[PDB]
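S.K.: Provided herewith: work-v5.pdb, PDB, C-alpha atoms.
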```pdb
ATOM      1  CA  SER A 151     153.298 167.906  76.457  1.00  0.00           C
ATOM      2  CA  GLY A 152     157.068 167.771  76.791  1.00  0.00           C
ATOM      3  CA  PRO A 153     158.931 164.473  77.157  1.00  0.00           C
ATOM      4  CA  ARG A 154     156.699 161.573  76.150  1.00  0.00           C
ATOM      5  CA  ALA A 155     156.755 158.401  78.238  1.00  0.00           C
ATOM      6  CA  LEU A 156     157.693 155.142  76.585  1.00  0.00           C
ATOM      7  CA  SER A 157     158.303 153.028  79.647  1.00  0.00           C
ATOM      8  CA  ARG A 158     156.098 154.199  82.506  1.00  0.00           C
ATOM      9  CA  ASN A 159     156.902 150.971  84.321  1.00  0.00           C
ATOM     10  CA  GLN A 160     154.895 150.407  87.448  1.00  0.00           C
ATOM     11  CA  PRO A 161     156.878 150.086  90.715  1.00  0.00           C
ATOM     12  CA  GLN A 162     156.695 146.689  92.365  1.00  0.00           C
ATOM     13  CA  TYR A 163     154.306 146.015  95.243  1.00  0.00           C
ATOM     14  CA  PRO A 164     155.997 145.372  98.602  1.00  0.00           C
ATOM     15  CA  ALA A 165     155.879 141.881 100.086  1.00  0.00           C
ATOM     16  CA  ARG A 166     155.900 143.425 103.559  1.00  0.00           C
ATOM     17  CA  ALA A 167     153.013 145.812 102.878  1.00  0.00           C
ATOM     18  CA  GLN A 168     150.913 143.134 101.194  1.00  0.00           C
ATOM     19  CA  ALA A 169     151.223 141.065 104.358  1.00  0.00           C
ATOM     20  CA  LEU A 170     150.005 144.131 106.225  1.00  0.00           C
ATOM     21  CA  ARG A 171     147.248 144.609 103.651  1.00  0.00           C
ATOM     22  CA  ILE A 172     148.362 148.173 103.116  1.00  0.00           C
ATOM     23  CA  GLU A 173     147.688 150.124  99.951  1.00  0.00           C
ATOM     24  CA  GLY A 174     150.290 152.588  98.787  1.00  0.00           C
ATOM     25  CA  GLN A 175     149.302 155.802  97.091  1.00  0.00           C
ATOM     26  CA  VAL A 176     152.514 157.630  96.337  1.00  0.00           C
ATOM     27  CA  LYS A 177     152.874 161.135  94.930  1.00  0.00           C
ATOM     28  CA  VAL A 178     156.255 161.470  93.254  1.00  0.00           C
ATOM     29  CA  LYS A 179     157.855 164.289  91.306  1.00  0.00           C
ATOM     30  CA  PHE A 180     160.743 163.839  88.903  1.00  0.00           C
ATOM     31  CA  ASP A 181     162.631 165.622  86.154  1.00  0.00           C
ATOM     32  CA  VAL A 182     163.993 164.389  82.836  1.00  0.00           C
ATOM     33  CA  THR A 183     166.989 165.531  80.830  1.00  0.00           C
ATOM     34  CA  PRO A 184     167.115 166.538  77.139  1.00  0.00           C
ATOM     35  CA  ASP A 185     167.927 162.854  76.582  1.00  0.00           C
ATOM     36  CA  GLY A 186     164.676 161.876  78.273  1.00  0.00           C
ATOM     37  CA  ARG A 187     166.361 160.458  81.346  1.00  0.00           C
ATOM     38  CA  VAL A 188     164.507 160.422  84.655  1.00  0.00           C
ATOM     39  CA  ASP A 189     166.338 162.157  87.508  1.00  0.00           C
ATOM     40  CA  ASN A 190     165.638 164.206  90.674  1.00  0.00           C
ATOM     41  CA  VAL A 191     163.005 161.712  91.716  1.00  0.00           C
ATOM     42  CA  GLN A 192     161.548 162.599  95.096  1.00  0.00           C
ATOM     43  CA  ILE A 193     158.550 161.034  96.760  1.00  0.00           C
ATOM     44  CA  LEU A 194     156.540 164.017  97.919  1.00  0.00           C
ATOM     45  CA  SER A 195     154.013 161.972  99.873  1.00  0.00           C
ATOM     46  CA  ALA A 196     152.946 158.344 100.318  1.00  0.00           C
ATOM     47  CA  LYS A 197     150.730 156.170 102.501  1.00  0.00           C
ATOM     48  CA  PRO A 198     153.706 154.494 104.269  1.00  0.00           C
ATOM     49  CA  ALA A 199     156.875 156.463 103.679  1.00  0.00           C
ATOM     50  CA  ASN A 200     159.778 154.057 103.144  1.00  0.00           C
ATOM     51  CA  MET A 201     157.506 151.076 102.598  1.00  0.00           C
ATOM     52  CA  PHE A 202     156.683 152.144  99.052  1.00  0.00           C
ATOM     53  CA  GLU A 203     159.307 154.847  98.391  1.00  0.00           C
ATOM     54  CA  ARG A 204     161.944 152.161  97.917  1.00  0.00           C
ATOM     55  CA  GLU A 205     160.133 150.338  95.120  1.00  0.00           C
ATOM     56  CA  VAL A 206     159.011 153.574  93.497  1.00  0.00           C
ATOM     57  CA  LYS A 207     162.587 154.816  93.131  1.00  0.00           C
ATOM     58  CA  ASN A 208     163.523 151.428  91.639  1.00  0.00           C
ATOM     59  CA  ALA A 209     160.876 151.881  88.939  1.00  0.00           C
ATOM     60  CA  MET A 210     161.683 155.531  88.258  1.00  0.00           C
ATOM     61  CA  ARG A 211     165.243 154.475  87.460  1.00  0.00           C
ATOM     62  CA  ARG A 212     163.848 152.516  84.516  1.00  0.00           C
ATOM     63  CA  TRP A 213     161.298 155.076  83.282  1.00  0.00           C
ATOM     64  CA  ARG A 214     162.116 156.020  79.700  1.00  0.00           C
ATOM     65  CA  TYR A 215     161.135 159.299  78.110  1.00  0.00           C
ATOM     66  CA  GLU A 216     161.548 160.302  74.462  1.00  0.00           C
ATOM     67  CA  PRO A 217     164.940 161.996  74.003  1.00  0.00           C
ATOM     68  CA  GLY A 218     165.092 165.530  72.703  1.00  0.00           C
ATOM     69  CA  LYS A 219     162.820 166.722  75.487  1.00  0.00           C
ATOM     70  CA  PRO A 220     163.786 167.783  79.018  1.00  0.00           C
ATOM     71  CA  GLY A 221     161.162 168.035  81.730  1.00  0.00           C
ATOM     72  CA  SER A 222     161.081 169.901  85.008  1.00  0.00           C
ATOM     73  CA  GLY A 223     158.579 169.480  87.807  1.00  0.00           C
ATOM     74  CA  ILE A 224     156.726 166.389  86.696  1.00  0.00           C
ATOM     75  CA  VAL A 225     154.511 164.966  89.395  1.00  0.00           C
ATOM     76  CA  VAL A 226     152.616 161.694  89.097  1.00  0.00           C
ATOM     77  CA  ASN A 227     150.625 159.472  91.437  1.00  0.00           C
ATOM     78  CA  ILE A 228     151.135 155.734  91.821  1.00  0.00           C
ATOM     79  CA  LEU A 229     148.207 153.658  93.013  1.00  0.00           C
ATOM     80  CA  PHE A 230     149.308 150.422  94.627  1.00  0.00           C
ATOM     81  CA  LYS A 231     146.020 148.609  95.166  1.00  0.00           C
ATOM     82  CA  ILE A 232     145.561 146.023  97.903  1.00  0.00           C
ATOM     83  CA  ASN A 233     145.243 143.157  95.386  1.00  0.00           C
ATOM     84  CA  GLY A 234     148.844 143.828  94.426  1.00  0.00           C
ATOM     85  CA  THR A 235     148.148 145.853  91.325  1.00  0.00           C
ATOM     86  CA  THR A 236     149.792 149.063  90.206  1.00  0.00           C
ATOM     87  CA  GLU A 237     148.758 152.164  88.254  1.00  0.00           C
ATOM     88  CA  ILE A 238     150.355 155.565  87.579  1.00  0.00           C
ATOM     89  CA  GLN A 239     148.459 158.823  87.118  1.00  0.00           C
TER      90      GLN A 239
END
```
Rewrite the structure of this file - the entire thing - as structure tokens.
M.R.:
Amino acid sequence: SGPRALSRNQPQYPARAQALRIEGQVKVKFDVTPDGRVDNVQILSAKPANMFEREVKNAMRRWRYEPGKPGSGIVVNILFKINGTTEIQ
């Protein structure tokens, strides 16, 4: 319910973390405006902090939500799997 997601684009896997064979599970919360624009994006928790946070924020800046609907307190979970794949809850 609320703002519907058009472009839930997956953040990019880190070339440093892949070489460390790390998997990043990030829990991020964001808000969207009445135009459906993602803002107030904060990574609440992650496997390695700044290792994945950086690429998450990059993705969140491109997330597109249907205009006409603002959202407040939207938390999702991004699963960066060791194979270099990405999924958002």
S.K.: So the first atom is atom CA of residue A:224 and the second is atom CA of residue A:180; what is the distance between them in Å, to one decimal place?
M.R.: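 Value for the atom CA of residue A:224-atom CA of residue A:180 distance: 5.2 Å.
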S.K.: Please indicate the distance in Å from atom CA of residue A:213 to atom CA of residue A:190, rounded to one decimal place.
M.R.: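 Between atom CA of residue A:213 and atom CA of residue A:190 the gap is 12.5 Å.
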S.K.: What gap, in Å, lies between atom CA of residue A:202 and atom CA of residue A:216?
M.R.: 26.4 Å
S.K.: Step by step, work through what the PyMOL selection byres ((chain A and resi 194) around 6) selects in the shown file, and finish by giving those residues as a ChimeraX atom specification.
M.R.: /A:177-178,192-193,195
S.K.: Evaluate the PyMOL selection byres ((chain A and resi 236) around 10) against this structure - the residues, as a list in words, please.
M.R.: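 Going through the file, the PyMOL selection byres ((chain A and resi 236) around 10) ends up selecting residues 159, 160, 161, 162, 163, 174, 175, 228, 229, 230, 231, 232, 233, 234, 235, 237 and 238 of chain A.
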S.K.: Could you list the residues chosen by the PyMOL selection byres ((chain A and resi 219-222) around 10) in this structure as a ChimeraX atom specification?
M.R.: /A:151-154,179-190,215-218,223-225
S.K.: Taking only C-alpha atoms into account, name the residue in A:167, A:156, A:226, A:191 that is nearest to residue A:208.
M.R.: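 Closest to residue A:208, using only C-alpha atoms: A:191.
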S.K.: Would you mind telling me which residue in A:227, A:158, A:164, A:170 lies nearest to residue A:201 when using all atoms listed in the file?
M.R.: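 Once distances to residue A:201 are computed over all atoms listed in the file, the minimum belongs to A:164.
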